[PDB]
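Chain IDs A, B, C, D, E, F, G and H follow the sequence of writing; residue 1 opens each chain.
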Amino acid sequence: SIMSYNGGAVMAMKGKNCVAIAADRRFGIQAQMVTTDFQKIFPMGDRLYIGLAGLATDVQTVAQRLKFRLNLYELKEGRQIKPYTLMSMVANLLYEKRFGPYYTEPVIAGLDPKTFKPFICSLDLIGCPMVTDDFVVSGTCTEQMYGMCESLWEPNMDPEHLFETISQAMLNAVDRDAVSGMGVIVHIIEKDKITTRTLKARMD
Amino acid sequence: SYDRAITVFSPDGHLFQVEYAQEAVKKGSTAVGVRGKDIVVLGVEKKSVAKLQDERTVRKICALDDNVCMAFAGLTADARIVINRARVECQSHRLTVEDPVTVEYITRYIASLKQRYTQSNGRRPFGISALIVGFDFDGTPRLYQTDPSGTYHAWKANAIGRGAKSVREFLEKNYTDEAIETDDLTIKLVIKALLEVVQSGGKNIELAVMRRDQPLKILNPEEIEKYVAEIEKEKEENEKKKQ
Amino acid sequence: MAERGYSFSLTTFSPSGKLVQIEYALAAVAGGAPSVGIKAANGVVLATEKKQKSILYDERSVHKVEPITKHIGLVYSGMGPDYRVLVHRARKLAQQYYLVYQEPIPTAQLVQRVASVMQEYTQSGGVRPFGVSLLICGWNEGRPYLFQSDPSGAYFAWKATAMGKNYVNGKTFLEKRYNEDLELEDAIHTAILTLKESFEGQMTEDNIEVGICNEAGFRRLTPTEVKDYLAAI
Amino acid sequence: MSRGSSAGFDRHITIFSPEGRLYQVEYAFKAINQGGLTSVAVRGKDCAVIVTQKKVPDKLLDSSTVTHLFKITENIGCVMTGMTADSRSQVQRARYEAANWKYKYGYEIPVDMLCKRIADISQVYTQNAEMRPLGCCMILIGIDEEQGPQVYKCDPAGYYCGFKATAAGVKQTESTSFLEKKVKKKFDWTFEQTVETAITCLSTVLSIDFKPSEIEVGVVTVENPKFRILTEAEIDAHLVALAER
Amino acid sequence: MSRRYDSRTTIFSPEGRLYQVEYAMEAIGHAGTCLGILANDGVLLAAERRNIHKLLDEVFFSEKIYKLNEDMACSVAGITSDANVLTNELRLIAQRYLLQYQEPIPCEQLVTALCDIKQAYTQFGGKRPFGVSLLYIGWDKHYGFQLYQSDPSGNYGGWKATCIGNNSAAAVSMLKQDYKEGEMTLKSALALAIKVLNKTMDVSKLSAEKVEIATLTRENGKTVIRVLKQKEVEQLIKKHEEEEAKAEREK
Amino acid sequence: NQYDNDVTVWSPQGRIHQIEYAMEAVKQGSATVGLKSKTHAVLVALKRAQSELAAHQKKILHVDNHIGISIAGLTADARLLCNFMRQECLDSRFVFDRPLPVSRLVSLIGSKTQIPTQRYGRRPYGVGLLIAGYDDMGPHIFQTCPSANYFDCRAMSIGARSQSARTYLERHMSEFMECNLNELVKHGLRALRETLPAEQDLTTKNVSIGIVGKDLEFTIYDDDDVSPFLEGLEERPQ
Amino acid sequence: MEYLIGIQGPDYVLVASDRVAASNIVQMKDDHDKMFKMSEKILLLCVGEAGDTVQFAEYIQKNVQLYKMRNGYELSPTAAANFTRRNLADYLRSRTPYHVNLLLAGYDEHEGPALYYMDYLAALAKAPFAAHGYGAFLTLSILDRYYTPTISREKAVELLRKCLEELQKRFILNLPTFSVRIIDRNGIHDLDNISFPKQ
Amino acid sequence: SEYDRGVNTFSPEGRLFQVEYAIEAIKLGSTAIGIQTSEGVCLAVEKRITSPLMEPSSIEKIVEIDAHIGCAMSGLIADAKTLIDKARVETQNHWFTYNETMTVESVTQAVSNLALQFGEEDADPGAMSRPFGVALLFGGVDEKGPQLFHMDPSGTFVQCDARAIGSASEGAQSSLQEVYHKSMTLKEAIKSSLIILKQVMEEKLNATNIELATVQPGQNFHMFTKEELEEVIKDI
């Protein structure tokens, strides 16, 4: 109930040498839409992104506190954080509030620095990490996203096939959820470039 | 957790730490405040001009609120601490009371903070003296002075810092209702008092002006130079016509 | 009884601008047993002398070359119980880093945290600075690291260095013997020779302690391995 | 700096001298000798023995309460040397540390671990200025299942070490040289030989023939790991056997 | 007890002075030279490398120059481990401001927060002061490119060109004579820095391994902070040597 | 010297000098006498005036209906101790609904005033007290000192020139027990008068009298209530 | 329930709020200002639980003015909105939570006009127009229907009047008068109250 | 030199060194005189202005503690500020709890309880590190009539018929002793106070050099305006 207060949906998907992360764009309070360009996907590096679903206040708070800790980390160590290290840092941040939890479920998509091996993971609200090799979902329409991703995902997709797969999964999943949608943003992370797209979507 | 008594009485009845903080004040650059009819003027000597220093960063005159400003002599970092505390107090006073502070209120607060630092464990007194000027809601110009011991008084005109004894003698010989009849005359009085101790004839002078209902104004070097030229012209006129 | 310590600093600035207590801690370090670190191309060797004052001492009971993690090793010159304090603190800091990030702490990070602790003891109330210098070795990202941390809390990265008695001569010997591209076996030989330069009497496999760090991790050499190396010399 | 140089308060608080020494720790080492007694510990192949000098000048003193031998746990014994009240505070701390180790980790503390814990606690006194170090030295004996008998010594400096044999107190230098001679000519030390070696070391450095009431003996063996203090009958039997040879 | 062993670090002297602060300033005067120069298109730090020894491992990023956030950097002179404490505090302050306002901290505010920490050590607590002077270079949307200098007393000031550490007074005389306000470019500023370091480091000749140079500039609305490579410093020193030789040939 | 500044420093002779200096603080104060009969306890305090135009300083304080005190030494320390004693008496009446026995109160005072004699940066209380009380054990006179030692007394005098009063009390101690209230007060007044200069005499201005008894709650007589006790005093024998 | 509305134009922000203070069934006040001036170009509009609103708004106002005094320049509207959100979010899980709904209207000399929506949970959103209250349900669709990004300030005032007339027609609550302010490069200007005086 | 002894060290004569030094500090203060009559209490203080540019109205050496209690101070006035604030708080606390005016003696007792609450060890942070360097004259009217109390940094407070504090308190006290009789009127008290202040003041005594205030039964604390001051001083 609390996690569904603002709605929202985030999804990450693994390609052959690339990752994709997509989110709905609606910010609303219960049934009422407020805006249609709420940011849920934040960059934590050149090739590392975190998407946050759940309470919008906790989305913003956790993104800002993670940016705090990540900036300190990357100043103390003269290197960029690895996706596994970012996942551990996020889990520690969430578990610090074990009994007063932040109401967000993060999704992490990235490429290994200096290795460029795709990494995706999801965490629950108290920071239990789950690394997969195909896809992770988070938000208020995880059942629909699971149907779409389990049906459509294939191993070793090139970035264009990956974009089409994650786009169709997100679009058809949020078309079937009342409090998500109003546009979809997709990031495709390759080793040499990042592609950001907004999909044509239903606005009802 | 450091709980040493730093300020203690000496066998002659003296608080040596307070006297040493006053000696620290006496080594600061001269500051002069003159209270006029419609204007309050603050002026600070610059002991040296480095010619490479950003001026905006080393100003000795600062605004505590819209109606209150202060100059200081002594230790710059202690002054920064005191100024920040006074600014917080002014905002909190605007909150809990729906009016701005009187000059005397913020002066009382600053003086009591300094006194607390003369009588509490584990800390030394502040090594600054402050000249606080402003206008009350009644529009009355007010000028106050605080010292490291925690005592504060109201002045028509005053000087603190090094060479303040000669500047105070000059102000006693010169401050008059006719000498503050207009704003320009008050500013010229401040600049003349500063010229009694500063070298290079007005390049080492920072001057600030507060008028009723108006925010603090800082004179740029052009205005200071124009006023100095006016003062020297008046000197020449008096010398030649009377002699 | 009163458990309150002193709250004022015992290390203060002298009129010439020096902190004499830190220089005296350095004198304590300079009176310590010689230690040598050599960073080879594929690992680091830390060699120290432990010449007991009597045959009644059990050599195996106490160790001067210590593991901090599976990939980080420590040795010291100076005062042994201070060293034990710092070893315990370094192990705890490495564990806390692993608990937060779930990867082993990089050597430079652990050196920074240990040096921070040493600085704290140069400034806090009622304490003297530590009377030890640490040589820290590690393997990270397919790369060897060798650091020295001083009682002031300053740390340096070294290719080869010596601490303790006759460390100036040891440094001269190292800089006229060390070269890049050196392998770990040759670095072990050079470290043992550097110890031998300042050693008094016969050097045996029990008189010295040797630890090595490579990709496999950090480990202390058993006295049999040290005896083999000594025979090779 | 110069030999025996001093600057500031380095002779009064635990801060470094210009040579890097801690004079208060050295003074605590002298406080150990202030007690006037000597103890010896010897490790055998299957046993460890502590023998301490027992002095009761006056008959008004209940002798059963004049002991420097203590049991820390069932299986760990100790002999204390130096200032008596400091020694008893260290004994109480050691008993507490052992009990807590058993409670937290579920097995008996090893002797080396207990010695290291006490040594850490005393290093703290060497580094903090508001308190003096204890003027006492602790020798612990025990049986580790993996490594056999254990003799460990910790001193006011916070330094600790394992020993084949060791001594503490006034004549500990002579005792150490005697034990060096005995351990160089290494022969298999049975329980009897270990006890006789300890007793003869004490008697030869103190230059007196002993009596069962003049010394105190505690032992741990592999057969009986429990720490036990020999009664005057057992000590007199050992003394007779030593005197006839 | 406490009273007889207390050093009384935070008390006034009979002349109105704070002795521990003055002795920390003496420590600063001992340390390696750091120089800061502000130009119209950027700002630079040039620091003498005091850790010079053939057996020293090559430094990771820089010996004396620390990035503080995306837009600011600093150089330190004095006690090194105290400088580590202070640089960690600065990074924490900058990130706290970023968390609070979601904007980068203006340079003067960061300097002011650190100087408040320093002053607090000068006034209460009975601890010894930090023996560090700092140079700060930064960019913000309020005042553009900025150079600041802070002392162990907690005093700070902004500068067009300044120097701390060894021979800082002669370097300041050089800067007063040679700096041209409102016309400096990063190329001319780098040349001035090389000449100043040549004079200040009188005993040891300028080689690229004895100095560290970092420049802060703006590109495409981003702040770029870069430590110059060894070859770049070698080229700058070669250019300075050519300038000196030709100026001698003219004379 | 090096041994006379801190209360935590033992002198090589086995003494603590700060405690003795606090004793001197008590000895500087004006004299006061306390004595008891079988049924009454009387404190008589010679008050001192700073100037001719000042009131004489209060010396006798109420503690409880059955307990009063007279003070010598630092007055502010005496007020601290008096507040503590009043709080103890109120605690006893609150918890047990009985008046606190006098000797238990004196033990509490000793415990409270011993603590600052052993802790660094503390000082002894610089006040000596005469405590007059009545309880189930009858009347009691107690004397408390800066050293935290206390004495149960037949009679006592503390303050300046108190040795003459103590000599008089030595002389008439045998008489005190069977005296009636007026005679007991007169004995106390003569002892107090023995500490006076030759020119000065006991007057209703410089004499304060506190009385406690079996049926009499503790009562203080200051200026005009003192005159019935002063009437009938023979001139000083000399 | 109290009504807030903001409409952001190309170079201005127009804000309006109801002027009613109510307790139980009685309008206690009919000229109640729900706008708070943080700076020369920032307005904070706050509604919500009684007591909470003024306490939180004056705390923010004190901190923004203190920032100006300390630094010599003002906070930008985005920085102020984020400072407000951070403080509200910190209070949300503390012992003194504030139940306040906020609009932050501001003008920045470089970023132009800005309008921010904040619910009591302290989620911060940037919107071209926004509204708070039960009356938002009746006027957000009108704003959706007629708003364009290029809307002039007179057309903005007319659109606001349409929204308030809809509130008169359909809203059960009596909200007869509204305070109206506009922020632009020249600061904050008070427009005439939009009123519907009952005969 | 000054840190050899702690702030709570007794001298061999049984005195606290710091309290004695504060007593010495009070001899450097300006002279204040209180006189208690049956018709009221009068207080008079020398302002001791150092410069013509200083505003004498900003010197407040006589303050109102309550409508029925006033206070004259000597010594270090900045120290007296906190004691006076405490006195005001205590009077208002007593009014809040008991719905009556605190007596002068109990207010003086409450202020005197603070005199020796200083120390280095066994104290909360920020606790007083030294004694106060002030002497206070409390003049009030309570149910017992008009009363005048003297408080000194040792924490001793005494009722007084007439008293002088400050730099010239000895000669002024001797003058008070000859001038003062029990049936003195308040007008005579004011005149004698001004006469003695004129005698001991280094400067000439006018309506701006002095503060004078009275408390009377039925009239609140009243600080004499300068016109009233000139009315009294015109014939001295």
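As a convention for this text, a contact is a pair of C-beta atoms (placed from the backbone, for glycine too) under 8 Å apart; a residue touches a chain by one contact, two chains touch by 3 or more.
Per UniProt, the chains are A = Proteasome subunit beta type-3; B = Proteasome subunit alpha type-7; C = Proteasome subunit alpha type-2; D = Proteasome subunit alpha type-6; E = Proteasome subunit alpha type-4; F = Proteasome subunit alpha type-1; G = Proteasome subunit beta type-2; H = Proteasome subunit alpha type-5.
Engineer: Moving only from a chain to one it touches, give the least number of moves from chain B to chain D.
Structural biologist: Steps on the shortest route: 2.
Engineer: State the pair with the higher C-beta contact count; candidates are C-E and E-H.
Structural biologist: Between E-H and C-E, contacts are more numerous in C-E.
Engineer: With centres defined as the mean C-alpha position, give me the chain B-chain F separation in Å.
Structural biologist: Whole-Å distance between the two chain centres: 57.
Engineer: Hey, how far is the Cα centre of chain C from the one of chain D, in Å?
Structural biologist: It comes to 30 Å between the two C-alpha centres.
Engineer: Centre to centre, by mean C-alpha position, how many angstrom separate chain E and chain G?
Structural biologist: 46
Engineer: At least two other chains touched by the same residue of chain H: list those residues.
Structural biologist: 3, 6, 119-121
Engineer: Check each residue of chain A and list the ones that touch at least two other chains.
Structural biologist: Answer for chain A, listing residues that touch two or more other chains: 64, 76.
Engineer: For chain E, give me the residues that contact two or more of the other chains.
Structural biologist: Those would be 1-3, 5-6, 8, 60, 88, 99, 102, 108, 125-127.
Engineer: Output every touching chain pair, sorted by label.
Structural biologist: Result of the pairwise touch check is A-C, A-E, A-G, B-C, B-E, B-G, B-H, C-D, C-E, D-E, E-F, E-G, E-H, F-H.
Engineer: Under the touch definition given earlier, write down the residues of chain H that touch chain E in their complex.
Structural biologist: Residues 3, 6.
Engineer: Could you please specify the touching residues of chain H with respect to chain F in the complex?
Structural biologist: Contact set of chain H toward chain F: 4-6, 8-16, 109, 112-113, 115-116, 119-122, 150, 154-156, 158-163, 173, 176-177, 180.
Engineer: Which residues of chain E touch chain D once you look at their complex with the stated criterion?
Structural biologist: 1-2, 5
Engineer: Please output the residues of chain H touching chain B within their complex, sorted ascending.
Structural biologist: 2-3, 6-7, 17-18, 21-28, 51-55, 57-59, 76-79, 81-82, 118-121, 123, 125-133
Engineer: Can you list the residues on chain B that touch chain C in the complex?
Structural biologist: 1-4
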